[PDB]
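Novice: can't give you the sequence, but here's the structure:
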């Protein structure tokens, strides 16, 4: 469809979202009080009861509807660019489907988090537990990550090799589709996200010892292959040298919680920086990122209230 | 007549030809958006059709200019 | 004759062709979105067909103006 | 004799058609944006016409110029 | 011959060409978009033809108008 | 006026029509962005309208040129 | 000489050129999408060829009309 | 007089119209981005004046050239 | 007369050039898709070549028509 | 100087207008990107204004050419 | 003593210009895709050149037609 | 005489203006990407303006042809 | 050549202008992609500027045709 | 002049190698190599080595950070010899005195920023505080009233105190704080509604926040008094400390960089089973440096400049240009581009010959040359003084060495430019109105110029032919170099392809100029047939699908050299038109405001000449790089660069 006509509806829906002060002042309400405050929020129609389980389930339903119902008058040609954003949820669903099928886990035991692929098709692919069968049951033309899956599916049948090829190949295919996309904002955001994911995987894999050519994700807009190899190695100075990009926050730190906090904050501050390009997919990306951040912060605050904890003990959970 | 007797005809034909581009522009986008949002916007299906039929004013004005030229010749 | 008949014919034909161009421009996007929705599902197929046949008016209007010009020739 | 009438007819009609095309241009993008916004929220479904009807001013001015030209002939 | 016959033939050519451009413009978006849906729906050839049959309307009219102009010439 | 006034009107009409086309070309994107902004938050709808009324300045200049041409023709 | 044969040839050339432009406009997008689907699945080439058989019709018509006009010149 | 004045006026009109078309083309993107930034923040209520006023230069130059031509005519 | 021979040359050249433009338009997106398929896998490139062989038909037709016209002239 | 002066002025005006159209075409994208970067921050505005005011060379050269033709008109 | 060489020259020039336009149209997308492919992988420059040089067939055909017309001249 | 003088002047102006338009067309995208990258990092200032000044050579050919025509005036 | 000379000059100017338009059309996209990739890696400026400045062959050939026309007149 | 350098394989004791590396780093005339797989381990670093390396790395990072904190820049200077711990004990006082003072200054700045944000509003809130809010039977909500929307919030907070007063606007609207007071200390109910609508309480940080109205205001006034003086003292102390410690920090940083580089080199070495070995490369002209350094390690087991490797599979060969001094300044053009692959012809020395002639020919204006010389004199101040050439306008990080090279390049070009300015009869564009000294055919004022003003009646054809011929010569030279390098590299197919391309170009040019061009096609028909047959033979030798359009595009590029003629003619015409128009509007228009008109004309001419000279510099170099250089390579392929170890100084 039209990236501008869809941009209008996206602007309306993204203006129909909770604000920073709502989370700031709703942190005092606890248990049922916080549940009712959420019931007053944008996701308010979902909120039924009180407590962390129901709060999380309602937040999941609200996300799966509001952000999971993208193709309304945006599908068609622009669909192949919009779906590129919705990657991780479908990736987790498909990797879980492959692991469960190759490990004997029940089909109904798999959560099948809604995303790019249909949950009914995922349940079918549970029967189609073969690699090629799952690829066929997930061959979405508008999600060329299906191609990387089939190539991974055709790469082998062993679960470990299939998954290890699938993750990296799908990340590379998504990055390449973004590179070939006629959208500067989308290309920039996706490349910076790939670089940040490489840095985070290096930090969480510091000392893992895998070959940097494989472990260090390609397409780095922050750290090259050698720079990520050094980050995996004992080079904390790599973090300080990684300054000058939007990811300039790193400074001699091998930490992981702070790394996640900073990466989330920087990616949010970048995805919110495209507001000046409404006709482009920048509005769609801002809406998606804001919906995800609000959902995460709301679920964290709900758990904190249902278990008597402060939500903002880590600022990474406040609104980001 | 002589030069006028076909020059005015060409002037009206070019009038209509350049006018129809207005509809060709507007209606493509309007119809695409309406078809995209119709299945989810039954609350505006009539409104979508109204918005789609809105740009006929330019075609009407062009037909009016054509008729005025035909009367002038 | 001379300098009236062919000029009248060109004035009619160019206008008719440009009206056809505008109609095609609209129909491209409208029928593209409609056909996408129809292939996805057969729920609103009637509404899609209506919204796709609707843009056929401009070609008819241009052809009628061309026929009137041909008569005036 | 024949030059004056044909020249005036063309210089009016082509200008009017071009103005209509120019108006239909904006009537594509702004119309599609309004359709998308009203579909998402059927509350500005009337308030969007306030800016949707705006581009007609150029068509009106061009029609006035063409009307002066036609009155001169 | 002279001016009338040649100008009428050139006007017929312009009509045919503009109508063909409109037909191609209509064909472009819809025929391109339906391809991927047909790929995901390899058995939807009926709904594919339901759209692919549409563009011939301009071609038929252009051919008929060209034949009429040839007869009048 | 003949070869003076008819061609003067032709030039004035070409100028006015192209100015209208440019104004509409600006207005398309300007109005689309304004509609999106107002729909997202109608807190600066007045400012958006004030800014989107701008593209007509060149249309006004072209109208002034056409008026000078009419006065001298 | 004759002011009819050259006019007929120029009109036929214009018609053929516009028809080719429309055919290419359709063919670019349609064939690109079809080739993408066929590279996705080699089975899709069976319908991709059927799709690619469509853009040639406009060129066929633009050649036929040109031949007819050249003969009737 | 006659042909000379008519050609001078037509050239002035074409010049002014092309200048206005270019100015509107620039203003399209400039004002779209300005409205986007205004929606983003009130910072666009300031320095956007230069961006929105730069398009007027082409129309100003075209109008000046047209006025010089009219004075010399 | 002699200039009636140059009219045929102008017609043939315009027809050939416009057919070349149509072929290049049909070739742009096809070549982009082929380059993508090749950068993906050579197995896609084998069928991509048969997919990219399409655009030359318009050029061939225009060249043949121009050759016939030139041989007649 | 009826033909020479008037047609020299017409050619100069057309050249200046085409140059203005090209300058506006450049300025559109240049100003759009510059507005995006300015909304990002006003710090890079020093280079941004240079990049958004540099393309005026084409319009300057077109105006100089028109002035030279007027001097030789 | 008339204008036949001028007509032949104009025909050849228009043919060359249109062929260059078509070549650029294909080249934009083809070269962009090739640049992307080469940036992603340096082991495909041969295929990149193989795809990029293909649209030169239209330029070669246009050059052949121009040479034939020049020889006839 | 103006029969050659004007047909030389406008003939030069056409090439000059169209070359200017092409140069502006290239400069649009080139300078937009350059401004964006310069805002991203000041290290791209020279490395971008270098590649971005390449389109400025386009208008030189038109200026040279115009100068040649002015000499042959 | 009088009228023949003016027609030849106009043909050469149109040839140069259209070739410049096509070259710039290809160059804008190719150069934008190259600028992006070179900003991504300073070691890509080798192939970047190569592929950017490569397509100028059409412009060179058009200037050659213009020179041939100038020599023939 | 890409010298092939030489190899310097060496061996030594596992202990003496640690001093041999220091000696070689002192004599920084060699780049190293790996040699790790030489049937031994690659000199596994000692744990003591790792500890010393960590200490030195910390010392260097601290030196850089302390330079930043003091404000200075890491300028390598005369080092600071000392022990590792001695230099640590030098850095630690500076590090502490800098970090503490910086924390103090940042704290004072943030405190002052808060004070400006809170002093006057706190005073206004205190004035609005008639009674004590701490009275337990009462409480207040001090909503900030920069905006007068508080009456709207009063809708929700209509609750009012029994005694007096309620929520409304407050005095000093800039720092107004609402007097929303509620009894029984129950003002939380009102605060809920005032958070729902309106504005929140005029909160404050720190003492201004924790303390009540009176103590908070007293602390705020104390901070308002102190923070000026605090920041001033902190700034003065930091400035004096930076001034004192800059030299020591720079010397320490230099010594640390040298030692750390030596240690890292040691880490890169290869072991020797109680021995050790070294390897790498050094220029053939640096064989004397290697021999000289071989004396300190007088043992010098293999310390001899063994020959460099042969071309067969030697991709590791490091490259270095070192152009002759006349061509040395003009190495920047190839510096701003790719690098060869150890055996291609270096075209950088050809640049200061070929480029200046064409550039001046297009730049053939005497007034333009005078302006260039004036600008050169203007920049020569900093250029000779080694002043800061870096310009923050366009992120220009220029250094005086760049100025030194560029001044030579500009002067060399400007000589030919002034020569062409005299030849082409352009003086300030065209001063013919004042004096046609560059004698025009119409009315000379002095020595005639061969091409002047409208001389393009034949000068157009002349210049076009000359430019086409120069381009043909350059393209032929490039193709010949390509074929010769292919032959010398035993790339028989490449050499044959280049030769056939040259022959096809020759034959195509012959056929064009004969059949379509002028007469006398008899002595040239054989040449054209030979060229076409040579292209066919090259195709046959290259088998199927050796694209002839490559040679066709090469011929087009050869033709593209006429762009130089076109640009030169257009620039001359434009300059003459501008100068003549200015002289007409200045002197011919009464000559009363002749100075004003001439100055305006010159200013506009310089504004145009900005872009004119921009093109006149790019387009010739553009043609060079695009056609000539790309004919063979150096726009493709790459190789290892040189890197002389240490010698930082």
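Specialist: Done, it's in. Residues are numbered from 1 along each chain as shown, chains lettered A, B, ... in the order given.
Novice: just checking, residue A:170 touches residue A:149?
Specialist: Yes: taking CB atoms under 8 Å as the definition, residue A:170 is a contact partner of residue A:149 at 6.6 Å. C-beta coordinates here come from the backbone N, C-alpha and C atoms, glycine included.
Novice: more crowded one of the two?
Specialist: Neighbour count, other CB atoms under 10 Å in any protein chain shown: between residue A:170 and residue A:149, residue A:149 has more, with 30 against 24.
Novice: can you tell me how far the nearest residue to the more buried one once chain neighbours are set aside sits from chain B?
Specialist: Nearest residue to residue A:149 in three dimensions, chain neighbours excluded: residue A:135, at 5.3 Å (CB to CB, 6 or more residues apart in numbering or on different chains). Residue A:135 is 29 Å from chain B, where distance means CB to the nearest CB, to the nearest Å.
Novice: now swap in residue N:604 and tell me
Specialist: Distance from residue N:604 to chain B, by CB to the nearest CB: 40 Å.
Novice: contact partners for the spatially closest residue to that residue that is not a sequence neighbour?
Specialist: Once flanking residues are discounted, residue N:604 sits nearest to residue N:578: 6.5 Å by CB to CB, 6+ apart. Shown in contact with residue N:578 (CB atoms under 8 Å, 6 or more residues apart in numbering or on different chains): N:429, N:601, N:604, N:605, N:608.
Novice: pick out the residue nearest the middle of chain B.
Specialist: residue B:59 (2.8 Å; CA atoms, centre = their mean).
Novice: pretty sure it contacts residue B:16?
Specialist: No: taking CB under 8 Å as the definition, residue B:59 is not a contact partner of residue B:16, at 9.1 Å.
Novice: so which residues on the stretch 1-150 of chain A come close to chain D?
Specialist: A:2, A:4, A:5, A:6, A:7, A:8, A:9, A:11, A:12, A:13, A:72, A:73 (CB under 8 Å from any CB of the partner chain).
Novice: can you tell me the closest non-neighbouring residue to the first one?
Specialist: The shortest distance from residue A:2 to any residue other than its chain neighbours is 5.3 Å, reached at residue D:32 (CB to CB, 6+ apart).
Novice: was I right about the one you found contacting residue A:4?
Specialist: Yes: contact criterion CB under 8 Å: residue D:32 and residue A:4 qualify, at 6.8 Å.
Novice: how near is residue A:170 to chain L?
Specialist: 27 Å.
Novice: without its sequence neighbours, what residue ends up closest to that residue?
Specialist: residue A:148 (4.4 Å).
Novice: ok and the residue in the stretch 201-350 of chain N nearest chain A?
Specialist: Relative to chain A, the nearest point of the stretch 201-350 of chain N is residue N:260 (11.9 Å; CB to the nearest CB).
Novice: which is the next helix or strand following the lengthiest helix in chain B?
Specialist: For chain B, the helix with the greatest residue count under DSSP state H is helix B:4-38. Following helix B:4-38 in sequence order, the next helix or strand is helix B:45-53 (DSSP states H and E).
Novice: need the residues that contact stretch A:65-81.
Specialist: Outside stretch A:65-81, the residues touching it (CB under 8 Å, 6+ apart) are A:1-3, A:5-6, A:9-10, A:13, A:42-43, A:82-83, A:86, A:114-115, A:142, A:144, A:177, A:181, A:183, A:186, A:281, A:284, A:287-288, A:291-292, B:33, B:36-37, B:40-41, C:32-33, C:36, D:36, D:39-40, E:33.
Novice: what does stretch N:427-435 give?
Specialist: Applying CB under 8 Å, 6+ apart, the contact partners of stretch N:427-435 are N:365-368, N:370, N:421, N:437-438, N:440, N:445-446, N:453, N:575-580, N:583-584, N:587-588, N:602, N:605.
Novice: PyMOL command to pick out the buried ones of the residues you listed?
Specialist: Listed next is the PyMOL selection for buried residues among those, using 16 or more other CB atoms under 10 Å in any protein chain shown:
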select buried, chain N and resi 365+366+367+368+421+437+438+440+453+575+576+577+578+579+580+583+587+602+605
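Novice: in helices only, show me the contacts of stretch N:427-435.
Specialist: Per DSSP H, the contacts of stretch N:427-435 map to helices at N:366-368, N:370, N:421, N:575-580, N:583, N:602, N:605.
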